[PDB]
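Structure first, then comments.
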Amino acid sequence: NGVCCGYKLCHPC
């Protein structure tokens, strides 16, 4: 449910 953006790429945590 939570979205975490990594190396310029957002995705679920």
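By convention here, the chains of the structure tokens are called A, B, ... in the order presented, each chain's residues are numbered starting at 1, and ligands are numbered starting at 1 in the order presented.
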As a ChimeraX atom specification, please: every residue in chain A that a backbone DSSP assignment puts in strand (DSSP E). /A:3-5,10-12
Shell around residue 13 of chain A at 9 Å using only C-alpha atoms, local window under 4 positions removed, as a VMD selection string: chain A and resid 1 to 5
